[PDB]
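Asker: Here's a structure for you.
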Amino acid sequence: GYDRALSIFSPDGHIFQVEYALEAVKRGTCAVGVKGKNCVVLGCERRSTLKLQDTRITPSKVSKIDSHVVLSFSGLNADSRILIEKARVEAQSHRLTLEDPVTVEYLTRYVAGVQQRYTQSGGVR
Amino acid sequence: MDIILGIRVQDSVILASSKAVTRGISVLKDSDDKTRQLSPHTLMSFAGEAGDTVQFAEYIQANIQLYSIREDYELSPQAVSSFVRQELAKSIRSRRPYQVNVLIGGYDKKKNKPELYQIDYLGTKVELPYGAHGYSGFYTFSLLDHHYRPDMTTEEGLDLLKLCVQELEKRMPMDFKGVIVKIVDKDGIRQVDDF
Amino acid sequence: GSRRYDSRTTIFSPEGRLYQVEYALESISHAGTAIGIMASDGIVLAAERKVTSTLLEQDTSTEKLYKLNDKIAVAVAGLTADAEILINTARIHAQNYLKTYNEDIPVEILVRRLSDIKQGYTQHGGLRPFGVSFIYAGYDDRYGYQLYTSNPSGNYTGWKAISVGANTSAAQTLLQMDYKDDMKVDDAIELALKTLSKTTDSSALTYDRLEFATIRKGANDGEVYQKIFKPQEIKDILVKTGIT
Amino acid sequence: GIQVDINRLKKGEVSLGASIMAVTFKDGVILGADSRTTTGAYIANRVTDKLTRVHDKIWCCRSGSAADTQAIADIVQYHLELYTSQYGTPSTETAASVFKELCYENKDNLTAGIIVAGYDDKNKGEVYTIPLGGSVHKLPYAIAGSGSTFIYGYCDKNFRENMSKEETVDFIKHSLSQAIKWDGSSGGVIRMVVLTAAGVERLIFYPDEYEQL
Amino acid sequence: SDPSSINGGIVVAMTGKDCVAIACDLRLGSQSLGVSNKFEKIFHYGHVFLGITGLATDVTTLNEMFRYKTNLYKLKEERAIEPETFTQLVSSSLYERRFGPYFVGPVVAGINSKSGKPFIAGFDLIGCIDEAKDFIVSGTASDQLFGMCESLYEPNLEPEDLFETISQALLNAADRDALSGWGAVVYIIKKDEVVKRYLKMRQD
Amino acid sequence: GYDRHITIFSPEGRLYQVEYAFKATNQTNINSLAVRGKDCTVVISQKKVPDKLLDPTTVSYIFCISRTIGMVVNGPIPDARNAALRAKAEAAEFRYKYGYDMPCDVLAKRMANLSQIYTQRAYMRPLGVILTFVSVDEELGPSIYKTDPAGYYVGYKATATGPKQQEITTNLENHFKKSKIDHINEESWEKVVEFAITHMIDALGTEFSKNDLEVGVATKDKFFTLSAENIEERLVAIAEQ
Amino acid sequence: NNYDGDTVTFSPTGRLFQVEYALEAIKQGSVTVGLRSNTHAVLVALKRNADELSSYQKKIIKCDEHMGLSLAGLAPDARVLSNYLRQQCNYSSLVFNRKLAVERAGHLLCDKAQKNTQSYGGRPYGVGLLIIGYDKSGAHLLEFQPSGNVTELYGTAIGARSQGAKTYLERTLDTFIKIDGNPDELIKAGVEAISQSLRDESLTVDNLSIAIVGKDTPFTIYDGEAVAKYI
Amino acid sequence: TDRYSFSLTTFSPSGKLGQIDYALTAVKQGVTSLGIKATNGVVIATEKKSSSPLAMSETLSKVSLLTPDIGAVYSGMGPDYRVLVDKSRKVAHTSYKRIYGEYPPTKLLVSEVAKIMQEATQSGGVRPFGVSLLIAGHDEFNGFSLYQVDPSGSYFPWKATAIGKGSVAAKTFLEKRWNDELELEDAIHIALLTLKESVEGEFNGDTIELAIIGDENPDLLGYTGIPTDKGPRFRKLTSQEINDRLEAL
Amino acid sequence: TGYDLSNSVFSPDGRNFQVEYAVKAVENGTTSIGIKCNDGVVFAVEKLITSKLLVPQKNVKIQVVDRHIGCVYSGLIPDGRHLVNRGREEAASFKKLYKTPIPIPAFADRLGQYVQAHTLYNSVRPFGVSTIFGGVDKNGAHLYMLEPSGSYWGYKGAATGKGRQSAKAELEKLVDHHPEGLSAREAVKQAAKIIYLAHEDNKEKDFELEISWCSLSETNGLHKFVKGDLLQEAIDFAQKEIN
Ligand SMILES: [Cl-]
Ligand SMILES: [Cl-]
Ligand SMILES: [Mg+2]
Ligand SMILES: [Mg+2]
Ligand SMILES: [Mg+2]
Ligand SMILES: [Mg+2]
């Protein structure tokens with residue numbers, strides 16, 4: 001298996017691969033989240049250099065993880081699908097063992113844990 | 001043993017399932033619901049080896065719910081039944097097979113038709129107007145051959161079902177503590193509380 | 001050890017870009033142009049063969065257009081060898097779905113899985129990405145006629161009309177100009193060919209330098225037919241639209 | 001009895017119940033065997049060759065399962081050919097060790113009663129016997145197979161060390177003659193193989209001769 | 001406990017003059033209990049027909065498997081699979097599961113589109129091919145079918161006459177078997193047309 | 001320029017590591033020669049023992065691969081022995097699996113395919129050796145097949161290998177132009193060895209003692225190497241004519 | 001320079017720089033002293049602290065009832081190697097009912113350290129060890145270096161300014177070797193030896209660390225008020 | 001252990017795959033080989049560049065049988081070709097004949113070979129194959145066909161083509177001579193003419209290697225009895241058979 | 001260039017510079033020798049006394065393989081130990097399968113192939129030792145010397161280390177003056193002398209002598225160390241010759 005340590009420290013104490021990943025997020029379309037008294041609203045930007053699009057079938061920017069939780073993102077589109085899939089699986093697994101749907105904090109903690117694991121695992125970015 | 005029945009009528013599918021859970025010479029529970037909702041318009045009843053039944057039902061339930069979230073779309077009863085059959089078909093040649101028999105009652109929203117599938121633990125699928133697993137069939141099939149009509153209403157189907165339960169209560173050796181009845185139609189799944 | 005010779009294919013640049021994905025897209029931009037146009041009653045796939053030789057066997061050839069199943073087809077842009085690896089995977093995935101659910105695979109599901117495979121080669125494994133861009137053209141009973149595109153990054157998007165490969169900038173402008181929503185298949189056929197005829201690097205567009213296909217509901221009553229055009233059928237449709 | 005030797009075989013497999021023996025003498029060593037192979041009471045092959053070459057001047061007598069002994073002998077021949085390419089001619093002891101290793105390590109799955117016999121120039125004639133368990137036993141002479149039970153008495157009384165070639169051939173002929181006469185699993189022709197400094201000589205003896213001894 | 005006779009069922013195939021026929025019963029049971037009278041055992045992939053008797057779950061599984069394999073075949077080969085080739089594919093696939101086999105008795109039937117020659121073939125559960133000019137039989141009433149076919153069959157029958165012979169063979173065999181019957185289907189296959197007929201038989 | 005360190009293509013379509021493996025061949029500074037007779041195949045090689053402390057009997061570049069096959073190597077002894085051990089194993093396995101002795105040309109192909117793998121796979125380096133296989137094959141008769149680090153192999157009427165290979169090659173070429181045949185028309189192997197030594201003396205221009213040469217002979221059903229006294233006897237016969 | 005990237009590379013003069021850089025980590029480590037007579041063997045170690053608010057880094061580790069070592073360099077690497085020694089001592093007891101010889105202990109450490117200097121990916125151990133013990137052939141003192149080299153000695157010292165203590169022991173060789181049947185006098189000689197490596201700092205109660213093993217003495221470590229006797 | 005688990009072939013900033021381009025440069029250096037398709041057959045041919053006159057050129061076969069109805073020839077690196085032929089023969093059995101009980105059609109075997117060459121372009125710790133193949137073959141439903149396969153794994157069907165040293169000139173020569181009404185004997189004649197241009201030294205049956213895919217050969221089958229089995233369509237022309245056609249040239 | 005940075009890489013000469021660099025490590029090490037005699041072999045080695053604190057006689061460098069083979073080496077001592085550990089596994093599996101103890105030529109190739117294997121990949125380093133070894137088998141006495149490249153030959157006499165040229169010169173004289181052969185007891189005495197003469201190339205630190213031997217008559221074909229009276233007798237002989 002490909003083992004190379006791609007994410008590593010530099011003399012000044014930075015992990016450049018993690019910081020360059022943040023630049024990819026800075027390139028991505030804008031996403032905003034605002035929570036009110038009895039609701040939360042997720043807003044998302046869609047760049048208008050793409051005409052002749054089919055909005056029926058084009059992947060939506062906001063994704064349902066379970067019937068009560070949603071996930072939006074900014075950055076690489078292909079990467080986001082992998083996190084969403086893992087999160088959806090974990091959401092069903094939680095209902096199966098705990099007999100109760102995930103909390104928003106738990107689902108976040110899981111997704112954040114996956115992201116972290118890719119910062120100190122060999123062979124991955 | 002356990003009693004699970006199914007009757008497809010004009011506009012709905014009706015599933016009846018026994019409430020008794022027996023271990024040894026003791027009826028441990030008399031209010032057990034031997035079914036899981038796989039999707040808003042698909043219901044699966046089950047019966048067989050202890051432990052295996054619920055473990056299998058919930059495993060399927062989780063997989064169908066995962067599909068629904070991923071595609072934001074409900075799988076047809078035919079598609080769900082085929083998925084369930086394949087899982088049982090894999091299972092039978094495993095180290096330890098699931099000894100579970102199921103009935104899948106669903107309402108296909110695209111076709112606007114009710115559908116009833118009977119699948120045994122070997123992975124043997126059949127679509128039927130009426131179905132049953134275990135020793136129940138030895139009484140209910142011949143009874144339904146006589147009394148069943150294809151164009152019946154949901155109310156006529158419930159009276160036809162009452163006729164089955166009465167016969168089973170009369171001639172079955174074991175006390176199965178009545179049945180929980182559920183109806184699947186265009187408006188989804190609901191339970192008949194007084195039976 | 002071996003560290004010395006590792007290119008590190010799956011890393012970020014300081015600007016937050018994937019080197020190998022960007023360079024794979026640069027490769028694809030030199031490939032023969034492929035166009036997809038979606039109409040209300042069907043889909044058109046048109047593609048330009050890469051500088052044809054007169055002694056090339058044209059009728060028994062397949063370079064650009066491939067069949068994934070009875071309802072779905074793809075137009076290729078990039079390395080053909082790479083595309084065939086992905087095509088056979090896609091063909092198998094479609095048959096796995098049919099075996100499991102006794103229903104033809106929904107177009108998006110097939111596209112997503114094929115795009116997820118490409119994504120994997122950019123995040124792990126230390127291998128180079130697939131130098132291929134697809135245009136997916138297919139039909140299902142949920143969304144009807146659909147056009148998608150995927151590229152080496154593993155990102156996919158849906159389209160009404162789209163081009164991949166060479167001169168996409170010029171091609172997309174022309175499509176954006178003449179396309180409209182209430183369009184028919186026969187009109188879309190004419191748009192596809194006219195667009196290629198103007199964006200082509202060749203002197204004149206001829207039958208022997210093209211691949212063409214349609215996905216209509218033109219079969220008898222509520223069923224979809226895939227037509228991969230023969231050489232003579234392309235020759236006829238080229239005269240009928242007044243290009244030659 | 002002999003049954004638990006034959007009770008070992010897999011159902012329906014060819015049986016190599018046998019009258020095999022190897023005898024050292026002044027000039028070297030002689031291997032001897034019958035030619036009968038059975039499937040129950042049917043003789044599958046009446047002209048079998050149970051004396052088999054694993055090296056130029058290292059041979060073995062096979063008994064038990066035909067399949068198992070053949071598979072083993074083929075592997076041993078392979079090992080000794082590879083040994084010769086690297087280290088030169090192997091000793092008879094070395095050959096017996098390779099046989100033992102296969103028989104012992106696979107003692108549960110195998111039924112192979114093998115006698116190993118060879119000629120060195122330093123060590124002269126040597127005989128090693130390897131029974132079912134996978135143990136090794138170096139002896140002046142050895143007998144084995146279903147028919148050997150009937151000639152323990154005869155062979156012990158008649159064997160002498162430093163016999164001549166003609167005497168040893170007579171000793172083997174008379175012995176196997178009796179083993180064949182009494183054992184139903186043994187019969188056919190009496191094959192022999194002579195191992196000396198002179199080379200390798202094959203001998204055969206037919207019923208009409210040995211029966212009326 | 002005997003996989004091949006839990007569900008029950010029968011398939012038979014015959015050749016005629018420039019045609020083939022394949023027929024099956026409709027019963028699916030659980031030992032003594034009859035469960036379904038709509039369970040067809042004949043499938044087709046292009047112009048090649050496959051009938052399968054034995055354990056019902058494996059009948060279903062193998063149909064889905066050969067649909068899978070013939071679809072990929074068509075995409076790669078750019079043509080429909082022929083009966084002779086398909087027969088080999090069935091044999092390979094069954095023997096792949098030599099020491100954990102599908103409990104089935106499949107039967108291939110069809111006409112080669114190139115040569116026009118009528119073709120039939122049968123298999124055991126581990127994939128031993130049984131080729132035949134005249135007829136192939138399979139299922140819980142195989143003995144009965146062998147008896148009916150051997151006596152009723154004659155070579156070079158016309159499609160209309162062949163229909164009567166195969167139908168009478170299946171019906172009278174099924175009525176002497178407890179686990180077979182409950183309806184029947186007969187396929188008559190010509191070079192470029194295929195007729196499917198449902199037979200009236202006793203429902204006990 | 002890391003394309004010169006591992007086995008990948010250079011801009012001009014070359015594999016430099018393979019080319020440098022060829023130069024390692026002549027590191028020992030030994031010349032070899034192989035010829036075919038009617039019933040036999042003879043291979044000869046120079047033997048150079050510079051150090052006085054060496055046991056000359058252990059200094060050898062000829063190997064007995066199987067009973068029938070012999071192999072002479074041009075190149076460093078560690079790689080030579082590496083190749084010899086593998087060839088011995090492959091020949092033994094072939095006999096066990098397929099029930100007959102591995103032919104000389106089949107073994108050559110097998111070792112050549114192994115050599116090819118080292119030219120394509122990066123982690124394995126090529127062996128810096130040229131393997132010359134000789135036998136009297138039961139189907140094809142007297143045979144000479146030679147393998148190099150590139151994975152190339154071919155049969156030979158006769159051949160030579162080493163630093164002064166070209167001089168030996170043309171010497172043999174001129175003989176076969178004259179004789180008009182593919183082999184040495186000679187009954188006994190003894191005189192085929194005498195031919196081989198004589199033509200090496202003419203080509204190289206040096207005289208040989210019994211300890212300056214190493215000889216291998218292949219006949220039907222056995223390959224063997226000659227002792228110092230066997231060669232001395234052979235050198236006497238050349239001098240007396 | 002160009003030949004110090006990894007352990008798998010030789011320099012043009014035949015040196016392994018990654019092994020030499022591991023050796024350098026030992027020189028930076030705090031001083032520790034080892035010495036033995038015929039009856040007993042003694043380890044003396046100067047412990048080091050981060051600051052006045054911190055504890056003093058423990059230098060001595062027990063391996064068995066009859067064996068143990070002191071460390072100098074990377075402490076986690078000493079923990080790995082000492083753990084390996086504990087298992088090997090223990091394997092010898094469970095399988096052979098036999099106390100592991102101090103010489104074999106050294107051989108096992110050598111071979112473990114060596115494998116890390118010939119393979120790609122791994123690294124050499126960054127610690128030096130002084131192993132003492134009493135077995136069937138009397139008292140023993142070993143010196144382990146992460147190059148693989150293990151050496152049996154009467155006395156030695158490793159760490160920063162270890163040359164001072166090593167010179168003292170070289171002078172005192174004839175005296176301390178004959179301190180038989182007297183633990184306290186052998187320790188005194190070790191405490192005086194380590195004192196030749198001190199600069200500005202002196203031996204205090206929570207600074208000094210002593211260990212001993214012998215004929216009728218199991219391997220025991222002395223810290224805190226228990227070493228106040230020897231100041 | 002093999003620590004090279006990463007790609008040795010990668011995209012350069014310009015979008016080139018360097019190792020594939022360099023492999024094609026190796027093919028350019030290689031000796032000329034060609035293929036021509038007729039109405040009733042296919043011909044493939046090449047020059048036998050001998051390394052030494054002492055070497056027996058008969059033992060080195062540049063034209064190889066893959067199946068009874070499919071043959072192959074190359075230009076580029078000979079050792080790479082040899083192992084591809086070994087792998088190509090085996091894959092014809094494992095992934096087809098052992099499944100369908102019959103030999104694969106030309107296009108599919110070609111597809112399997114291309115897959116092997118594509119993997120050497122992407123897999124870890126390997127370089128691409130330094131060869132271009134020409135594969136001629138026949139099968140019942142597709143008839144006669146001729147394919148080229150490149151180091152990238154790309155393959156194209158041809159009416160006629162040439163690869164290697166003098167391919168540019170050879171392809172021009174074939175464009176003038178090729179028509180859709182060519183008989184097999186005419187295609188062999190044109191092949192020899194085309195090849196004479198690229199060959200410099202001796203030009204005879206001993207220096208030229210040439211094989212055909214034509215009619216079935218019952219005599220080359222080795223047995224009789226089964227009517228359906230009619231023999232291999234692949235036949236390698238002998239040294240004598242070539243020289244006969246060089247007289248009436 | 002850069003051809004010397006990685007192992008298993010050919011230079012344009014056709015050389016593996018990493019192996020040549022390992023030879024430099026061997027040349028840096030202490031002197032060790034081997035002497036073949038009438039019916040056996042003798043091994044000897046130079047042990048540099050770094051300090052008074054080194055326990056005499058208790059840092060043994062010569063190693064035994066099986067019961068009949070002796071091994072000594074110069075260079076990186078741990079690399080030599082690793083090689084001997086492999087040798088013992090090779091000798092163990094040979095005796096396990098073939099019953100007879102491993103022959104010396106057979107044993108020599110087992111080491112040779114193992115050392116050669118470490119010149120095939122860049123993921124491993126070549127061995128930093130030249131190993132002199134041998135013993136007595138069925139075919140008589142054998143002496144071998146194995147180098148970092150994997151190259152080995154049979155020897156009448158062998159030497160390696162910092163004083164190899166001095167030892168080689170002294171060995172060449174013994175071969176010339178004793179064509180019929182040298183006895184086992186004589187070879188022990190000569191071995192001592194040659195180490196003392198070879199110590200002139202390493203004369204800063206004084207040294208400790210260590211000798212071992214295998215002989216069909218003297219040691220019954222088994223490997224033994226030279227100790228006590230026989231060792232002191234050999235030292236006295238060497239002391240008398242330098243003066
Ligand atoms: Cl036998
Ligand atoms: Cl091979
Ligand atoms: Mg008898
Ligand atoms: Mg019936
Ligand atoms: Mg009935
Ligand atoms: Mg390489």
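By order in the structure tokens, chains are A, B, ...; within a chain, residues start at 1; ligands start at 1, following the order shown.
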Kindly assemble as a Markdown table a list of the chain B residues that lie within 9 Å of chain A, each paired with its nearest atom pair and their distance in Å to one decimal, using only C-alpha atoms, sorted first by chain and then by ascending residue number.
Answerer:
```
| residue | atom | partner | partner_atom | distance |
| --- | --- | --- | --- | --- |
| B:58 | CA | A:96 | CA | 7.2 |
| B:59 | CA | A:96 | CA | 7.9 |
| B:62 | CA | A:92 | CA | 5.9 |
| B:63 | CA | A:92 | CA | 8.1 |
| B:65 | CA | A:92 | CA | 7.5 |
| B:66 | CA | A:92 | CA | 6.6 |
| B:69 | CA | A:66 | CA | 6.5 |
| B:70 | CA | A:88 | CA | 7.6 |
| B:72 | CA | A:64 | CA | 8.4 |
```
Asker: Restricting it to N, CA, C and O atoms, dump the selection as a PDB file, in the first residue's frame.
Answerer:
```
ATOM      1  N   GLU B  58     -34.169  -5.138  11.287  1.00  0.00           N
ATOM      2  CA  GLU B  58     -33.568  -3.829  11.536  1.00  0.00           C
ATOM      3  C   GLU B  58     -32.410  -3.538  10.586  1.00  0.00           C
ATOM      4  O   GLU B  58     -32.217  -2.394  10.173  1.00  0.00           O
ATOM      5  N   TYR B  59     -31.641  -4.573  10.252  1.00  0.00           N
ATOM      6  CA  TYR B  59     -30.543  -4.449   9.294  1.00  0.00           C
ATOM      7  C   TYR B  59     -31.060  -4.019   7.919  1.00  0.00           C
ATOM      8  O   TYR B  59     -30.486  -3.132   7.285  1.00  0.00           O
ATOM      9  N   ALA B  62     -32.432  -0.374   8.137  1.00  0.00           N
ATOM     10  CA  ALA B  62     -31.332   0.591   8.080  1.00  0.00           C
ATOM     11  C   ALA B  62     -30.859   0.828   6.644  1.00  0.00           C
ATOM     12  O   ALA B  62     -30.660   1.971   6.233  1.00  0.00           O
ATOM     13  N   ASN B  63     -30.691  -0.257   5.891  1.00  0.00           N
ATOM     14  CA  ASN B  63     -30.238  -0.175   4.497  1.00  0.00           C
ATOM     15  C   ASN B  63     -31.209   0.564   3.571  1.00  0.00           C
ATOM     16  O   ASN B  63     -30.779   1.317   2.695  1.00  0.00           O
ATOM     17  N   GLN B  65     -33.497   2.794   4.606  1.00  0.00           N
ATOM     18  CA  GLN B  65     -33.487   4.183   5.070  1.00  0.00           C
ATOM     19  C   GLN B  65     -32.251   4.943   4.578  1.00  0.00           C
ATOM     20  O   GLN B  65     -32.333   6.135   4.280  1.00  0.00           O
ATOM     21  N   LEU B  66     -31.116   4.250   4.495  1.00  0.00           N
ATOM     22  CA  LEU B  66     -29.886   4.834   3.953  1.00  0.00           C
ATOM     23  C   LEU B  66     -30.051   5.194   2.480  1.00  0.00           C
ATOM     24  O   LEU B  66     -29.585   6.242   2.036  1.00  0.00           O
ATOM     25  N   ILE B  69     -32.326   8.412   2.059  1.00  0.00           N
ATOM     26  CA  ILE B  69     -31.587   9.646   2.328  1.00  0.00           C
ATOM     27  C   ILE B  69     -30.645   9.989   1.173  1.00  0.00           C
ATOM     28  O   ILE B  69     -30.597  11.138   0.731  1.00  0.00           O
ATOM     29  N   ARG B  70     -29.906   8.992   0.690  1.00  0.00           N
ATOM     30  CA  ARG B  70     -28.902   9.201  -0.357  1.00  0.00           C
ATOM     31  C   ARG B  70     -29.507   9.736  -1.654  1.00  0.00           C
ATOM     32  O   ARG B  70     -28.974  10.677  -2.246  1.00  0.00           O
ATOM     33  N   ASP B  72     -32.819  10.740  -1.984  1.00  0.00           N
ATOM     34  CA  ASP B  72     -34.015  11.546  -1.709  1.00  0.00           C
ATOM     35  C   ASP B  72     -35.213  11.000  -2.495  1.00  0.00           C
ATOM     36  O   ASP B  72     -35.924  11.744  -3.178  1.00  0.00           O
TER      37      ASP B  72
END
```
Asker: Neighbours of ligand 1 at 7 Å or closer, counting only C-alpha atoms and all ligand atoms: which residues, as a PDB file with C-alpha atoms, in the first residue's frame?
Answerer:
```pdb
ATOM      1  CA  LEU D  16      -0.709 -51.291  -2.821  1.00  0.00           C
ATOM      2  CA  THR D  37      -2.386 -53.895  -7.113  1.00  0.00           C
ATOM      3  CA  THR D  48       2.886 -53.189 -11.344  1.00  0.00           C
ATOM      4  CA  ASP D  49       6.383 -51.800 -10.706  1.00  0.00           C
ATOM      5  CA  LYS D  50       6.692 -51.080  -6.964  1.00  0.00           C
ATOM      6  CA  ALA D  66      -0.618 -46.178  -4.454  1.00  0.00           C
ATOM      7  CA  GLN D  70       3.633 -42.047  -5.862  1.00  0.00           C
TER       8      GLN D  70
END
```
Asker: Quick check for you: according to DSSP on this backbone, which residues of chain A are classed as alpha helix (DSSP H)? Reply as a compact mmCIF listing (two decimals) with C-alpha atoms, in the first residue's frame.
Answerer:
```
# COMPACT_ATOMS: atom_id res chain seq x y z
CA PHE A 16 1.36 22.96 4.82
CA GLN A 17 -0.89 20.28 3.30
CA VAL A 18 -3.62 21.16 5.82
CA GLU A 19 -3.10 24.88 5.16
CA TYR A 20 -3.16 24.39 1.38
CA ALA A 21 -6.43 22.47 1.86
CA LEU A 22 -7.82 25.65 3.47
CA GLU A 23 -6.87 27.55 0.28
CA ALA A 24 -9.05 25.11 -1.69
CA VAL A 25 -11.91 26.01 0.66
CA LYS A 26 -11.21 29.72 0.07
CA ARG A 27 -11.54 29.07 -3.68
CA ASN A 77 -17.04 19.14 -4.65
CA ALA A 78 -15.78 15.59 -5.17
CA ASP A 79 -14.27 15.47 -1.65
CA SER A 80 -17.55 16.59 -0.05
CA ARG A 81 -19.42 13.54 -1.41
CA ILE A 82 -17.10 11.20 0.53
CA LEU A 83 -17.73 13.03 3.83
CA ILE A 84 -21.50 13.15 3.22
CA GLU A 85 -21.64 9.41 2.46
CA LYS A 86 -19.68 8.50 5.60
CA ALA A 87 -21.92 10.80 7.66
CA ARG A 88 -25.14 9.30 6.25
CA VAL A 89 -23.90 5.78 7.05
CA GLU A 90 -22.96 6.78 10.61
CA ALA A 91 -26.39 8.39 11.04
CA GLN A 92 -28.15 5.08 10.27
CA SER A 93 -25.65 3.12 12.38
CA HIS A 94 -26.41 5.36 15.38
CA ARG A 95 -30.16 4.77 15.05
CA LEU A 96 -29.47 1.03 14.86
CA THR A 97 -27.36 0.68 18.04
CA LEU A 98 -28.56 3.59 20.25
CA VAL A 104 -26.06 17.64 15.62
CA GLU A 105 -22.98 17.85 17.87
CA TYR A 106 -22.33 14.09 17.56
CA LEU A 107 -22.68 14.09 13.76
CA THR A 108 -20.34 17.10 13.58
CA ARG A 109 -17.82 15.40 15.90
CA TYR A 110 -17.83 12.31 13.65
CA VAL A 111 -17.31 14.27 10.41
CA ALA A 112 -14.60 16.36 12.09
CA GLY A 113 -12.94 13.13 13.29
CA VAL A 114 -12.77 11.77 9.73
CA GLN A 115 -11.24 15.03 8.45
CA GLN A 116 -8.62 14.92 11.23
CA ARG A 117 -7.76 11.26 10.52
```
Asker: Enumerate residues in contact with ligand 4: an atom-to-atom distance of at most 7 Å, counting only C-alpha atoms and all ligand atoms. Format the result as number ranges by chain.
Answerer: E: 174-182, 204
Asker: By how many Å are atom CA of residue 87 of chain C and atom CA of residue 146 of chain C apart?
Answerer: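 Distance between the two atoms: 18.2 Å.
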Asker: What gap, in Å, lies between atom CA of residue 114 of chain C and atom CA of residue 156 of chain C?
Answerer: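 For atom CA of residue 114 of chain C relative to atom CA of residue 156 of chain C, the distance reads 9.6 Å.
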Asker: I'd like a table as JSON lines: residues in chain I with an atom no more than 9 Å from chain C, each row giving the shortest atom pair and its distance in Å to one decimal, only C-alpha atoms counted, sorted by chain and rising residue number.
Answerer:
```
{"residue": "I:6", "atom": "CA", "partner": "C:1", "partner_atom": "CA", "distance": 7.1}
{"residue": "I:7", "atom": "CA", "partner": "C:1", "partner_atom": "CA", "distance": 8.3}
{"residue": "I:121", "atom": "CA", "partner": "C:1", "partner_atom": "CA", "distance": 8.6}
{"residue": "I:122", "atom": "CA", "partner": "C:1", "partner_atom": "CA", "distance": 5.2}
{"residue": "I:123", "atom": "CA", "partner": "C:1", "partner_atom": "CA", "distance": 4.8}
{"residue": "I:124", "atom": "CA", "partner": "C:1", "partner_atom": "CA", "distance": 7.8}
```
